[PDB]
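Residue numbering restarts at 1 for every chain, and letters A, B, ... go by the order of the sequence lines. Just the heavy atoms: all of them, side chains too, but no hydrogens, waters or symmetry mates, feed the values below.
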Amino acid sequence: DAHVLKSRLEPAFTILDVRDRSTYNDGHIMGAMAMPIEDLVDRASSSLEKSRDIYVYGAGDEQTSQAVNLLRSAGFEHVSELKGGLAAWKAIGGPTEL
Amino acid sequence: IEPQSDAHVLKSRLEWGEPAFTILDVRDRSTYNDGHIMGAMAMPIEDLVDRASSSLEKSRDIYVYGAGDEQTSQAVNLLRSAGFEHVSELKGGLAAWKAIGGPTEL
Amino acid sequence: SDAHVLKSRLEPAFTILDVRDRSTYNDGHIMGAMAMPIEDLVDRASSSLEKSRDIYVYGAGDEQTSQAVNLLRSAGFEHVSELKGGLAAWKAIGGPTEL
Amino acid sequence: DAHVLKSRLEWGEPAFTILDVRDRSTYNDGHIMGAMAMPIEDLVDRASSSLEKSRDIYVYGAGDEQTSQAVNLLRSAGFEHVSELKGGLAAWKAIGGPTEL
């Protein structure tokens, strides 16, 4: 129901997993979306607003920074890197799914 | 530690919760740009299945809304036939959402 | 399972107590809440919890909720808080539930 | 930073419950933080009456054999998610797991 949803929803944010889909399938940050870096710009730009709070993580920090930079170069105004990726996330007991 | 706690306070202390959810706006992008449900992602019906399949788990708790109950229902049918286990539509669409004071963006 | 996960999940500790009837609890309760119907609340809470544990309690209405809080406090429990509005208030703010 | 993000999530994993199956007096001298006293003797009845069969349960007793015994008593009762805390209290404190009394 809509009320149900309205309840769950500061501003909207989205978590992007830029690793390969297969890796995503083995496990990812809960709610994160699979957008392999190869098609990141196209998939991100076609589905989100440039003002969306976006949290990104790849297999390493270099891949994470490449992705973050790509998004910004594509007009995204609020992109942040998730240092440590999935590993650091799991270390603070962050929810994951597969 | 307050004799009477606010529901909001306890929710913030909780570590656990229900599954993540995703809101899909299946209208065209130009329409999406003029105004959509906050947090919703643009996945026009034309490439909905492909875009949904590549970015989400077939178990993702999905909520969809389109331009009219027929288009909303179409999105529901497309995803369920693609194997998505938890697809729900937003009855009334944007109107029902604005009616209940739902947050929107753009 | 590896405790690292659990340590990672884990402040200080707190427990949520649902004092309504067990059948009511089965139809839906705050996620993580434990079923301790008011009729045996004191005995169950006392045997499973320590008196210093932060406890959040909610019942079906104002009377049952306040009664529960009073039973625990007069039983020696030090940190009991009335979860204002109980389940209904919780649902109203999109709070997680289980059945 | 994973913390600001983790703080903003409107979702998460299921609830978990830690059960200390040693006797109550032992529990009183120290137990895992948030854990609860459900001695072996009343484990099944106490757990069944206060928790849902689907609760993600973590158990620890005095020695791996008592722990494993507790886990099987719960599973045989229909509990769907029960895990042993191998090495018990020692292993828990070993990794810095919080405790209380």
Report the distance from atom [atom1] of [X] to atom [atom2] of [Y], rounding to the nearest 0.5 Å.
X: C/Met31; Y: B/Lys11; atom1: CE; atom2: NZ; value: 11.5 Å
X: C/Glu82; Y: B/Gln4; atom1: CD; atom2: CD; value: 5.0 Å
X: C/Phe14; Y: B/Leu14; atom1: CZ; atom2: CG; value: 5.0 Å
X: C/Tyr58; Y: B/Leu10; atom1: OH; atom2: CG; value: 10.0 Å

query = In this structure, are over 12 heavy atoms from other groups packed under 6.0 Å from C/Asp62 atom CG?
reply =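 Incorrect, the count does not exceed 12.
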request  = Assess whether atom NZ of C/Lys51 is packed by more than 12 heavy atoms of other residues, nucleotides or ligands within 6.0 Å.
outcome  =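 Buried by this count: over 12 neighbours within 6.0 Å.
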message = Main chain of B/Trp16, side chain of C/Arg9: is a donor-acceptor contact present, judged purely on distance under 3.5 Å?
response =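 Flag not set: sc C/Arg9 to bb B/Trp16 has no pair under 3.5 Å.
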request  = Check whether any side-chain N or O of C/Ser81 sits under 3.5 Å from a backbone N or O of B/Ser5 as a donor-acceptor pair, and report yes or no.
outcome  =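 A pair under 3.5 Å: yes.
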inquiry  = Let's go through C/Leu83 and B/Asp6 carefully: what are the C-alpha distance in whole Å and the side-chain angles of both, what is the deciding distance for side-chain contact (heavy atoms from CB on, under 4.5 Å) to 0.1 Å, and is it a yes or a no?
reply    = CA-CA 7 Å; C/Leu83 181 56; B/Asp6 191 73; over 6 Å; no
